[PDB]
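A.B. asks: Whatever this is, show me its structure:
(8 chains, ligands or ions: 6)
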Amino acid sequence: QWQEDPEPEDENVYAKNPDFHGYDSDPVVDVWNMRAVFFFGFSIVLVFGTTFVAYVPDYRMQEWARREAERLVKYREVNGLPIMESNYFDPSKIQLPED
Amino acid sequence: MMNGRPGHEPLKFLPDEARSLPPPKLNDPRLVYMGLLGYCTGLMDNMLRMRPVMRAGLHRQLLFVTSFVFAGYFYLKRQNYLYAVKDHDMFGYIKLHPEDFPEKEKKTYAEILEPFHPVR
Amino acid sequence: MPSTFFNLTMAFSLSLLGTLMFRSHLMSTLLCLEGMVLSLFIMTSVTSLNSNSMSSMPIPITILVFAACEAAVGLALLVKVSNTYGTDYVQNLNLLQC
Amino acid sequence: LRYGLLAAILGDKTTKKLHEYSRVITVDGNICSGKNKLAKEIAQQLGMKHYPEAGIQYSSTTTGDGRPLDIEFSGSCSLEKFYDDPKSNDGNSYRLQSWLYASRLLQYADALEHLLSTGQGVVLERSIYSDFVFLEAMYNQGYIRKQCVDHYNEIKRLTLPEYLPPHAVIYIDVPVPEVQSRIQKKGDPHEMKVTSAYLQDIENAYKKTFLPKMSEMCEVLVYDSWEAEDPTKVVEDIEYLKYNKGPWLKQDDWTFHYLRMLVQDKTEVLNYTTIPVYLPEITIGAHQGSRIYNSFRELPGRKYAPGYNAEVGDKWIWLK
Amino acid sequence: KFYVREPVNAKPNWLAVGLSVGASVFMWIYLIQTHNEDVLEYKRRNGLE
Amino acid sequence: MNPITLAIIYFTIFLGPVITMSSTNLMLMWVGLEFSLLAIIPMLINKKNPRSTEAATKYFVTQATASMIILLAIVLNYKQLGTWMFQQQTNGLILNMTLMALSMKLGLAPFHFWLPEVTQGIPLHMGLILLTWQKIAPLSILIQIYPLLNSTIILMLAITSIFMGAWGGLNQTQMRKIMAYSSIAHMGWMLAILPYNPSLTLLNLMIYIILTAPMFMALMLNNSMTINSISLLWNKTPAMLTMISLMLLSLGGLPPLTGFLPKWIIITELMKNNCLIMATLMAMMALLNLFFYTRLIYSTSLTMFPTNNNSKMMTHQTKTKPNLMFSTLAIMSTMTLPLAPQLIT
Amino acid sequence: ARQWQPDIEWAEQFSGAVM
Amino acid sequence: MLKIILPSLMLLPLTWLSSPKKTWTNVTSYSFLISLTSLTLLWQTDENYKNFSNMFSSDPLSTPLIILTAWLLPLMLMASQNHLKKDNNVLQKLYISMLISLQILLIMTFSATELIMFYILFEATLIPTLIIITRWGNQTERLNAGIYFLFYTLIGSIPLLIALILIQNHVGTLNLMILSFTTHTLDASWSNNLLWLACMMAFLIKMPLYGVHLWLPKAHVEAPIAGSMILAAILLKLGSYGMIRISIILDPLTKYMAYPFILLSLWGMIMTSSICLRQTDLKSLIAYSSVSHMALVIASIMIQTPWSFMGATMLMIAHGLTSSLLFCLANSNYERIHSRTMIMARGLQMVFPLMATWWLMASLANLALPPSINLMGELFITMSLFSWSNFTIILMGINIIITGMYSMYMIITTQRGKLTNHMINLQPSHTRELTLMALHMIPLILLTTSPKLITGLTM
Ligand SMILES: CCCCCCCCCCCCO[C@@H]1O[C@H](CO)[C@@H](O[C@H]2O[C@H](CO)[C@@H](O)[C@H](O)[C@H]2O)[C@H](O)[C@H]1O
Ligand SMILES: CCCCCCCCCCCCO[C@@H]1O[C@H](CO)[C@@H](O[C@H]2O[C@H](CO)[C@@H](O)[C@H](O)[C@H]2O)[C@H](O)[C@H]1O
Ligand SMILES: CCCCCCCCCCCCO[C@@H]1O[C@H](CO)[C@@H](O[C@H]2O[C@H](CO)[C@@H](O)[C@H](O)[C@H]2O)[C@H](O)[C@H]1O
Ligand SMILES: CCCCCCCCCCCCO[C@@H]1O[C@H](CO)[C@@H](O[C@H]2O[C@H](CO)[C@@H](O)[C@H](O)[C@H]2O)[C@H](O)[C@H]1O
Ligand SMILES: Nc1nc2c(ncn2[C@H]2C[C@H](O)[C@@H](COP(=O)(O)OP(=O)(O)OP(=O)(O)O)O2)c(=O)[nH]1
Ligand SMILES: [Mg+2]
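C.D. replies: Residues are numbered from 1 along each chain as shown, chains lettered A, B, ... in the order given. Ligands and ions are numbered 1, 2, ... in the order given. The relevant structure is shown in the block below.
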């Protein structure tokens, strides 16, 4: 046979450090890696990112569009105009082919 | 394509007519990137010689950064000049041949009948 | 002139065909190269004479000078081939297929 | 200025330095034949540099801080293990012999570099030229496989012809029954386990192969024990050798330049000892190979090139 | 002393260091000066300020 | 070699191409090519074994034959027009044999068969000169007569070289043969664009050279002649694993490396001239090169092959190589695509 | 289990004259 | 975008200049903060898309893909730590640099305004991806997986390069906005039909389309976990994102050119989902599940309706989080018993009760339980396809049945039944592992709360 190491044995991570969090074999490094993930991942990103998204105003002008629609529905109805016409473009602005 | 053009000096890196162009900024992003490559070259050289990558030979590292920026500035000046000459020739040729480059009067979309292709 | 230059070009073509179609001796091929050189010398010389181009007569001499250097190197290489194998056969020169 | 073509052109030339005792001398013989005491006195009396026999740790002691290394860094082979079980199925016998050939090759390049650069002669104890007598003895005793022999002869074919052989080869002839007695008096627990058949193979290889081969190109001087015990007698024979044969006669300044270029570059010297021929005895898997290599670069003075190890007191790194 | 053999890089190559810093410091000065004249000539030729 | 011989021979190796690139007269261009052949032979055969003798001999007979055909074209043109340069009026057959003979000098397929054999038979540092410095003089001639060349022969030579460079490199375990097939493939790209845009021929030549030079230096560091030898890098000089991998991927033309630029720009220019079918075929078969480079990357840096016991003695030794030219070329051959506009015009 | 790395049988497929 | 890209580039020196004991804590924390900054792209108070410069833009299609990319980097780092803890310090830093490189390349890819820039970054991603798979994969088949992945992509990408050059030679630009406004109808020539295929094949291979999908099951089974996460979550979405960008110039040929690819996808999604019923390898099962889901994305992009594009955008994001979660869940058992055979570990709810809860939610997400964005995307795709042809519901209906079958099959097999009690090395779940699962599942729930953010361009 060639010169090769034997396969390493299975290890129980909790045997030496029963407070293991999954991050590091050094206990102090382990707990601070755990805290950084929970603080930056959850306390900062998930809470404040959620807050910031929640207070983005008029996202994609959805609030303006409903406000504008009510203004037009109001206007188009008191004056007796149709609510919505078939032609988006006024036909006077279009020159069709003679044929 | 441009080599045989009028007033072409042989093996001239920077013709005197190039001195009318604005020179590149010394913090031009292309020159900043050149200096970064010189810094990488110094670090890679340290690695290949089994030296401390960041610590060894700061004099050697500084020369690598300065050479890349120094060479890059003058090469960038030459490249600016060649592109300027290309535009000078192209536009000058356009003016001498107005029959090959007519101004095409474009029509508004009120007159153009594009076909409609229903999606369904 | 017309028929002479046709025959000289044919003479070059035959010498090149000799070069391209090996037999066994490397030396026989080295002689075919000297045949192409000889044909090209006469073609250049006759052209210079027929056009009275005296400023071009150095060129045929330079053709022979570099041909002599080419032939000297060819013979020098042939000594090396013969030392390795005891012949100048080209079929022995096949180690670099693998 | 590191030696090279420029230094050679500027006067640095070997033939100006050679004198009467700018010679390569090797001392051979069976185990416990008295080579070391003789080699030491030949070198001392002639003003030459003595190189003790290249062992397992030779490379360890000529690099770094010169201290011995852990064995996994140094060939992972054991002479004591060889005597305890010369047929171990872990490949120790040939791994040992292969390592010792490469360590001898390194020493021979180091000795030649010394002679070529200074003009002082050298005295060796066995060499790459005589290393095969141990390989033949192992094979004849069935200690190694034939494929191990073919591997060894390939590496030797690729490395040994590049060098100049010794000027003089000194052989001490001690018969095997006397060699066994000296080993028992020597008192090494494992070496005492060496069979007499193994020692006879060494002597057979020495006298049928090495000595006739060496006599074609070197001065050969054979002594019995009683002649060798007085080293001044051997020196007197060396002083009057003529050296009228071999390759050293046709060396000139530029063949010496190119040999010097080879022997100062140690990774070039050792190149063909590492050819990828996958003999199990000397093949290391990547898991073991990389674990060992990573630990070696964590030893003191070994993480960086010499002169760049701040933890062993190297200074001015930022200007080097 | 640590190394059994003397390193090649035991102490700085003081000539090499001085040439390197001299070459870099000269190139930086020449680069900045040449850039200054390149600006003035550009402005002069184009009638700017 | 003693210093006087080295100086004279290396000077003549340098001189020949300089004469070719500076000459107005076609005869002096041919003289320049003659200097190159004569001066390189002693370097090819310097080590003096049967393989180097075979390599030098095969190189000599090919190169000398091609040189005669080039001279025939020059003489025929002198007969036709009474001048020593090719013109618009030069007979097209005269120009086609010039192209044939120069492509044989370059090792373009189907005149390629000699080049992998000669590269295999010579030292690595001579392979470096053969595949870089020795290309410049024949290419320089071709660039001068680019409007006169026949696009049909060029594209057929070009596609043939790319196809055989690809399939050729796929079967190799010898490094010197892999580089030779890499040369042939890249020459196929250089030639394809020459009749359209000779500036892009030079762009490809420069990028090929600064990729090939540090690749040869990396082989030279441990004298790695085979895949199995280069696969020991992880144990001998692991610091090189990053740059070899990127240089190999750059040679294969993978973005965002500098070696993507020559293939990208040549395709762009070929399609500005409606050479769509050839450009498609060229680009598709160039992927086969990336396959054998990847297999090479697999055996050097992405896995670890078995090592041997004697390699531990190598780890005790200090090295003095590579020179700092390796790092400069290695970086500029891989990380300069952001500066692409400054390289094409 | 340990990461697989090339063994002798894997490396020997590049030891031939051709692939 | 520079205020997102530059800090991402600074993660590379941060990795290499950190102490060995601080590298993971450092790079993970700033990676989270960079995800926070990418949320600025969601501040969209009008209907004009953000054009930051000539080079970088962001609209409602790229913005979700950029943010998901930014979020994955911290998650991949946490996923990698345990199986890298035996590598030496330089090898760990090299791995982190590969992960950062993909994050940088992908963010630039989704914000590029010009198609050849997209192509260069699109192709650049193969390098770090291949390195991750082959240098840190566990089995000997990782090398074959690398070859398939690299060359399935490359053979399709070369025709794409030709088409992009051809379009630029004809139009004078590859800028996306100008291509949109100035697009003109194509003629239905053979030459234009080949142009359509050259523009589409690389994106279709990347999805992957059924028939050319064999690279993906190979790549997942052999990759390390962070490679599986990025591949399933983001890299497949390059094809769908590419198809949506480039199809604007291909009209009206997509009306007939799409038929073979709708057929392969709608039939193929049944073949690959049915494979999941008889797959012995858990990673392979999750991988085939992705091919089935991405078949729906292909079909809805091919029919080019407002609903179909919106359903595809939601499914792209939802699948990204869900599949990445499933790979992480599978990897947690593998790190304990070092096998991917699904039927080996059993009854795991007995010993990992909270991890079993994460399993159930991931499975419920995968079979598209309402009102999850998983269901919302699949629902609107179903509505658009039914409009395209009412008979599509037959194939949709079969896939919905099969998807429930294999989703619950995976849960029953691995979490329920009797515990395989010879496995005494079933260590309790790591805090890191349980945190990793939550970081997938909270965004899925939050996006279900506010589904306007992932509707895409058409709604
Ligand atoms: C993502 C995380 C986001 C964190 C959010 C933190 C937001 C903090 C909210 C601060 C809101 C109060 O903001 C403050 O309100 C006052 C109301 O008096 C307003 O102030 C304005 O109107 C008031 C009306 O009386 C005037 O008197 C005043 O002079 C004028 O400036 C402005 O809007 C602002 O000055
Ligand atoms: C390589 C590039 C750099 C070097 C540039 C070239 C110039 C080199 C100058 C130094 C050359 C002197 O090199 C010297 O050459 C002479 C040739 O007469 C050789 O000498 C030769 O003639 C002398 C006669 O007395 C004898 O040594 C002998 O018959 C023969 O070898 C030397 O052995 C060699 O040392
Ligand atoms: C302005 C005029 C310019 C003149 C031309 C300039 C040419 C410059 C190139 C000089 C190159 C010399 O390159 C150097 O040459 C020597 C011998 O000469 C090569 O050869 C040396 O090393 C190899 C390594 O195996 C040995 O096999 C060989 O026997 C030994 O001589 C080196 O490997 C190379 O590093
Ligand atoms: C567009 C994105 C660009 C991606 C850039 C690609 C980065 C380079 C990828 C190739 C990686 C180089 O290959 C990698 O080299 C390093 C050393 O540097 C080796 O590193 C490892 O092994 C070597 C010995 O072999 C040890 O000395 C070293 O400490 C250890 O970390 C890796 O095992 C190898 O896989
Ligand atoms: N297997 C093997 N053993 C070797 C080799 N060279 C030396 N040895 C062993 C044999 C001995 O047991 C041991 C001591 O070396 P020696 O042969 O020189 O014996 P010793 O030094 O005691 O007597 P000496 O004065 O030097 O002649 O080293 C070798 O090449 N192969
Ligand atoms: Mg002894």
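
A.B. asks: If you count contacts, what does whatever helix or strand residue H:355 lives in end up packed against?
C.D. replies: Assigned by DSSP states H and E, residue H:355 belongs to helix H:353-366. Helices and strands touching helix H:353-366, by 3 or more Cβ pairs under 8 Å, 6 or more residues apart in numbering or on different chains; DSSP states H and E, are helix H:306-337, helix H:392-415, helix H:431-449. Where you see a C-beta, it was placed from the backbone N, CA and C, and this is true even at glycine.

A.B. asks: Redo the ones you listed as a markdown table? Include distance to chain F and mean neighbour count.
C.D. replies: Below are those laid out as a markdown table (distance: least, Cβ to the nearest Cβ, whole Å; neighbours: other Cβ atoms under 10 Å in any protein chain shown):
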| stretch | distance to chain F | mean neighbour count |
| --- | --- | --- |
| helix H:306-337 | 21 | 24 |
| helix H:392-415 | 32 | 18 |
| helix H:431-449 | 27 | 20 |
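
A.B. asks: Throw the ones you listed into JSON lines and include distance to residue F:293, thanks.
C.D. replies: Shown next, in JSON lines, are the helices and strands packed on helix H:353-366 (distance: least, Cβ to Cβ, whole Å):
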{"stretch": "helix H:306-337", "distance to residue F:293": "30"}
{"stretch": "helix H:392-415", "distance to residue F:293": "40"}
{"stretch": "helix H:431-449", "distance to residue F:293": "36"}
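
A.B. asks: which one of the ones you listed lies closest to ligand 4?
C.D. replies: helix H:306-337 (21.7 Å; Cβ to the nearest ligand atom).

A.B. asks: Quick check: what element follows the helix holding residue H:355 along the chain?
C.D. replies: Next helix or strand after helix H:353-366 toward the C-terminus (DSSP H and E): helix H:373-388.

A.B. asks: tell me which residues of that following helix are tucked away?
C.D. replies: Within helix H:373-388, the residues that count as buried by 16 or more other Cβ atoms under 10 Å in any protein chain shown are H:373-385, H:388.

A.B. asks: Specify which member of these is nearest to chain D.
C.D. replies: residue H:374 (42.8 Å; Cβ to the nearest Cβ).

A.B. asks: Could you tell me how many residues sit around the closest residue to chain B within chain C?
C.D. replies: Residue nearest to chain B within chain C: residue C:55 (24.7 Å; Cβ to the nearest Cβ). Neighbourhood size, residue C:55 [other Cβ atoms under 10 Å in any protein chain shown]: 7.

A.B. asks: Which helix or which strand is home to the closest residue to residue D:50 other than its chain neighbours?
C.D. replies: Distances taken as Cβ to Cβ, 6 or more residues apart in numbering or on different chains place residue D:43 nearest to residue D:50, at 3.7 Å, with adjacent residues excluded. Under the criterion of DSSP H and E, residue D:43 resides in helix D:35-46.

A.B. asks: What helices and strands are in contact with the helix or strand following that helix?
C.D. replies: Going down the chain from helix D:35-46, the next helix or strand is strand D:49-50, by DSSP H and E. Other elements packing on strand D:49-50 under the criterion 3+ Cβ pairs under 8 Å, 6+ apart are helix D:35-46, strand D:122-125.

A.B. asks: Please produce JSON lines containing the ones you listed, extended by distance to ligand 4 and mean neighbour count.
C.D. replies: As requested, the helices and strands packed on strand D:49-50 are arranged in JSON lines below (distance: least, Cβ to the nearest ligand atom, whole Å; neighbours: other Cβ atoms under 10 Å in any protein chain shown):
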{"stretch": "helix D:35-46", "distance to ligand 4": "39", "mean neighbour count": "18"}
{"stretch": "strand D:122-125", "distance to ligand 4": "35", "mean neighbour count": "26"}
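
A.B. asks: Scan chain B for its longest helix.
C.D. replies: The single longest helix within chain B, with elements called by DSSP state H, is helix B:58-96.

A.B. asks: ok, is that one in contact with chain E or not?
C.D. replies: Yes - looking at helix B:58-96 against chain E by Cβ under 8 Å from any Cβ of the partner chain, the contacts come from B:59, B:60, B:62, B:63, B:65, B:66, B:67, B:69, B:70, B:73, B:77.

A.B. asks: which ones are touching the closest residue in space to residue E:9 that isn't next to it in sequence?
C.D. replies: For residue E:9, ignoring the flanking residues on the chain, the nearest one in space by Cβ to Cβ, 6+ apart is residue D:307 at 3.5 Å. Residue D:307 is in contact with D:314, D:320, E:3, E:7, E:8, E:9, E:10, counting by Cβ atoms under 8 Å, 6 or more residues apart in numbering or on different chains.
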